[PDB]
Amino acid sequence: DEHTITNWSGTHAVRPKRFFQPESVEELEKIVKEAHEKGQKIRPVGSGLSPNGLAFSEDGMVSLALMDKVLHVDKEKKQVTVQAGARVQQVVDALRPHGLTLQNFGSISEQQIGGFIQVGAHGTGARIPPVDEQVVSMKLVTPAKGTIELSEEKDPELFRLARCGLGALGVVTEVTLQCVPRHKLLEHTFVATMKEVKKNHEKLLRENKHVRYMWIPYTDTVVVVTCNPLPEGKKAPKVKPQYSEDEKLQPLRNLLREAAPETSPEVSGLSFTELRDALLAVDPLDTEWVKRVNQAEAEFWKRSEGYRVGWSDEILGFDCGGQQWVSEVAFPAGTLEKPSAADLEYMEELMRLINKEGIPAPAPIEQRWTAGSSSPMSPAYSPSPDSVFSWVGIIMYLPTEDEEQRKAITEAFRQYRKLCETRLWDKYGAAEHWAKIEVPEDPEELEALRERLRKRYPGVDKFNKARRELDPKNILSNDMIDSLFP
Ligand SMILES: Cc1cc2nc3c(=O)[nH]c(=O)nc-3n(C[C@H](O)[C@H](O)[C@H](O)COP(=O)(O)OP(=O)(O)OC[C@H]3O[C@@H](n4cnc5c(N)ncnc54)[C@H](O)[C@@H]3O)c2cc1C
């Protein structure tokens with residue numbers, strides 16, 4: 001096959017020897033039977049977007065992109081049954097006329113339902129669990145046992161394991177999700193100091209349906225975004241200083257005119273995100289320069305306070321348009337009833353570590369919250385139904401297609417992430433997002449990662465027993481899965 005599959009950020013790519021794209025469940029069953037019989041690789045792939053290339057296998061991959069129909073809406077239960085190849089956007093568009101939406105959304109909507117659930121993807125909202133916990137039922141095509149129906153009523157132990165199964169336990173053909181009524185949100189964006197955030201944090205998380213913090217390294221600016229249901233006819237309030245787009249961008253444009261080349265015709269057409277990339281591109285690993293870029297960004301956010309009203313699917317998405325390295329961890333932050341400071345303590349220690357080690361850390365460091373999941377492979381697995389997890393995402397941008405700048409940033413990010421891993425993750429019980437975890441080549445570092453996984457997931461041995469039972473010739477797993485779970 002001549003199909004090349006590249007991830008979002010162009011950090012991983014694969015050209016599979018065999019690429020299957022069945023149009024029917026019947027065709028997929030035949031593919032899985034035949035691959036099992038011959039011991040041929042068929043790793044499942046959705047949109048192929050994962051930052052770590054989790055789906056990729058040079059031997060063989062199977063895509064259900066052509067199996068993308070909404071099969072049934074249950075009005076009374078507010079549930080949707082969809083083929084696993086549908087993109088989130090496609091399900092959202094199909095649910096609009098039914099007055100339904102998904103209980104939550106990440107920053108993008110071009111993921112397939114299969115790829116979304118299999119990694120335990122999440123949005124924000126301390127009372128709202130990750131998407132795997134929103135799965136009511138599913139159908140799973142397995143090498144060793146054929147097609148199996150799973151739910152709380154049908155083999156709940158395997159259901160909970162396979163709905164967040166990393167593509168290793170079977171090919172998911174159909175998913176039933178728990179929806180909520182279609183609704184408008186009021187989004188409030190405001191800037192705070194570390195000290196102001198600490199004062200109001202406990203209440204803010206419990207009194208706002210959605211909260212996200214955007215921490216700006218080397219500044220005392222935190223951008224707070226809250227979203228709440230908008231009563232029937234309420235209008236967006238208006239902030240008393242009104243800044244034009246040009247006034248918001250002024251600090252970034254002024255800074256860019258002070259680099260080795262306030263606006264030209266070429267600088268003028270740059271969005272905020274394009275301007276941030278143009279600034280970092282000057283000297284992306286020079287910490288003194290990144291301090292100045294981050295301070296100019298804080299000034300942009302200070303000029304961007306205000307309110308927006310929109311349908312939840314429009315409002316909860318946000319811009320990750322630029323290629324980047326990301327790492328995100330989930331760690332426990334008590335419960336709705338028993339608050340914990342760990343979420344803010346983590347961020348204080350991270351900011352201190354960045355400053356001490358001289359990390360050229362750009363903005364933002366994204367902080368979200370979810371409820372716990374009952375899926376044993378969820379990074380937010382908890383037996384507590386009112387558990388709260390904090391999710392912290394660090395980033396470095398790849399502002400150009402220049403191969404040598406990209407390598408240097410790649411190495412810089414490996415070191416930034418390793419410092420968080422060695423200094424913070426064990427202390428806070430932090431677990432890496434499955435779509436962002438990288439396999440170290442250093443077999444020492446690999447064994448330390450395997451030990452962290454066994455500590456974070458007491459479910460690991462049961463996952464590997466299900467892999468042996470359902471996929472004994474290992475046709476669904478790639479080198480990454482084999483490296484993480486030997
Ligand atoms: C710009 C960007 C923003 C993002 N924002 C967020 C965010 O806000 N929140 C968040 O939690 N994540 C986020 N992610 C991560 C994203 O949700 C995951 O990478 C997700 O898995 C992507 O879906 P996909 O369809 O591309 O899956 P792929 O990357 O193709 O596959 C992911 C996994 O699903 C498995 N798989 C796919 N289809 C099937 C199937 N039918 N049956 C069985 N296994 C299957 C694959 O084997 C693999 O293990 C973001 C990613 C990007 C690139």
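Residues numbered from 1 in each chain as written, not as in the entry; some residues may be left out. Heavy atoms only, no water. Residues with missing side-chain atoms left out of burial classes, pairs and counts.

As recorded in the entry header, the structure was determined using X-ray crystallography to a resolution of 1.70 Å.

A. Highlighting the packing of helix 11 (residues 342-357) against helix 12 (residues 403-428). Running from N to C, helix 11 and helix 12 point in directions that differ by 145°, and their axes come no closer than 11 Å. Read as a crossing pair, helix 11 and helix 12 show a hand that is right-handed. Counting all contacts with helix 11, which are made through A342, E345, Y346, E349, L350, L353, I354, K356 and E357, the residues of helix 12 involved are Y416, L419, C420, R423, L424, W425, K427 and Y428. The residue inventory of the contact of helix 11 with helix 12, partitioned by class, reads 11 nonpolar, no polar and 6 charged. (Axes fitted to C-alpha atoms, helices over the stretch in contact; angles between N-to-C directions. Helix = DSSP H or I, 4+ residues; strand = E, 2+ residues; numbered from the N terminus. Left-handed = near helix turned anticlockwise from the far one by under 90°. Contact = heavy atoms within 4.5 Å. Nonpolar A, V, L, I, M, F, W, Y, C, P; charged D, E, K, R; others polar.)

B. Representation of unusual backbone geometry within the structure. Across the junction of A363 and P364, the peptide omega takes the value -10°, indicating a cis bond. Structurally, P364 is set in the loop between helix 11 and strand 17 (365-371). With a phi close to 70°, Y218 is a non-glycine residue in the positive phi region. Looking at where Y218 falls in the secondary structure, it is placed in the loop between strand 13 (210-215) and strand 14 (222-229). Owing to a relative accessible area of 17%, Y218 belongs among the buried residues under this scheme. Residue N474 is not a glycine yet carries a positive backbone phi of 70°. For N474, the location among the structural elements is in the loop between helix 14 (460-470) and helix 15 (479-484). (Buried < 20%, exposed > 50% of the residue type's maximum accessible area, 1.4 Å probe, protein only.)

C. Representation of the site of the ligand. Looking at the ligand, there are 34 residues lining it, with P44, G46, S50, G115 and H122 nearest. In this structure, an oxygen atom belonging to the ligand sits 2.9 Å away from a main-chain N or O atom of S47. Between an oxygen atom of the ligand and a side-chain N or O atom of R368, the distance comes to 2.8 Å. In the complex, 98% of the free accessible area of the ligand, which totals 970 Å², lies under the protein chains. Residue assignment for the shell around the ligand shows that the elements contributing at least two residues are strand 4 (43-45), helix 3 (113-118) and strand 11 (171-181). Residue contributions to the shell around the ligand reach at least three from each of two domains, namely domain 1 (5-62) and domain 2 (64-182). (Near = heavy atom within 4 Å. Polar contact = N/O pair within 3.5 Å; in protein donor to acceptor, adjacent residues only side chain to side chain. Areas by Shrake-Rupley, 256 points an atom, 1.4 Å probe, with all protein chains shown as cover. Domains from an automatic or database assignment.)

D. Representation of the nonpolar core in the model. One finds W434 and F485 to be the most contacted residues of the largest nonpolar core, which totals 68 residues. Here the element with the most residues in this core is strand 11; it accounts for 5 residues. Non-local contacts of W434, meaning those with residues more than four positions away in its chain, are made with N52, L54, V119, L166, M377, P379, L453, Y457, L484 and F485. Of all hydrophobic cores here, the second largest spans 44 residues; its members include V197, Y346, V392 and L398. (Core = buried A, V, L, I, M, F, W, Y, C linked by side-chain atoms within 4.5 Å.)

E. Focus on the sheet that holds strand 5 (residues 60-63). Here 3 strands make up an open sheet; going across it, the order is 3-5-4 and the pairing parallel. The sheet terminates laterally at strand 3 (18-20) and strand 4, the two strands that pair on one side only. Mean inter-strand twist for the sheet, computed between neighbouring axes without regard to direction, equals 25°. With 3 bridges joining them, strand 3 and strand 5 adopt parallel strand pairing. The partner of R18 across the bridge, within strand 5, is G60. (Pairing = 2+ DSSP bridges.)

F. Looking closely at the environment of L353. On the secondary structure map, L353 appears in helix 11. Residue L353 is classed as buried on the basis of its relative accessible area, which comes to 7%. Put simply, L353 and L419 are 66 residues apart on the chain and 7.9 Å apart in space, counted from C-alpha to C-alpha.

G. Inspection of the environment of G334 at higher detail. When you line up the elements, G334 lands in strand 16 (residues 324-335). In this structure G334 touches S340, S387 and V388, once residues within four positions along its chain are discounted.

H. A look at the domain arrangement of the protein chain. Segmenting the protein chain into domains produces domain 1 (5-62), domain 2 (64-182) and domain 3 (184-432). When each unit is reduced to the centre of its C-alpha atoms, the spacing between domain 1 and domain 2 is 19 Å. Between domain 1 and domain 2, the contact holds 17 residues from the first and 20 residues from the second. Applying the counting criterion to the domain 1 and domain 2 interface returns 0 salt bridges. Linking domain 1 with domain 2 are 4 residue pairs in polar contact, by the criterion used here. (Salt bridge = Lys/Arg side-chain N within 4 Å of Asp/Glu carboxyl O.)

I. Summary view of the sheet that holds strand 19 (residues 431-432). As summarised here, the arrangement of the 8 strands in space is 15-12-14-13-17-18-16-19, forming an open sheet in which the pairing is antiparallel. For this open sheet the edge positions go to strand 15 (306-311) and strand 19, each flanked by a neighbour on one side alone. Strands strand 16, strand 17, strand 18 (387-397) and strand 19 of the sheet are contacted by helix 12, whose axis makes an angle of about 160° with strand 18.

J. Seen up close, the packing of aromatic side chains. Inspection of the entire model under this criterion finds 13 aromatic pairs. Considering the side-chain rings of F272 and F300, the 4.2 Å spacing of their centres and the 15° angle between planes classify their relative orientation as stacked. Within this pair, whereas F272 is found in helix 8 (residues 272-282), its partner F300 is found in helix 9 (residues 287-302), the two being separated by 28 residues in sequence. The exposure class of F272 is buried, given its relative accessible area of 14%. With a centroid separation of 5.0 Å and 85° between ring planes, the pair formed by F300 and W301 is classed as edge-to-face. Of the aromatic side chains, those joined through ring pairs into one cluster are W434, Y457, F463 and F485. The aromatic ring of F318 is capped on one face by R212, whose charged end is 3.9 Å from the ring centroid. (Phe/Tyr/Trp six-rings, centres within 6.5 Å; stacked < 30°, edge-to-face > 60°. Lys NZ or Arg CZ within 6 Å of the ring centre and 35° of its normal.)

K. Fine view of the environment of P231. Relative to the helices and strands, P231 is located in the loop between strand 14 and helix 6 (245-257). Remark: the alpha-carbon pair of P231 and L185, spanning 46 residues in sequence, is separated by 8.8 Å.

L. Quick look at the packing of helix 6 against helix 9. Where helix 6 contacts helix 9, the axes come no closer than 7 Å and their chain directions differ by 160°. When the interaxial angle is binned, helix 6 and helix 9 end up roughly antiparallel. Here helix 6 runs over helix 9; the crossing is right-handed. Counting all contacts with helix 6, which are made through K248, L249, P251, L252 and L255, the residues of helix 9 involved are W289, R292, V293, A296, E297, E299 and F300. (Parallel < 35°, antiparallel > 145°, perpendicular 65-115°, else oblique.)

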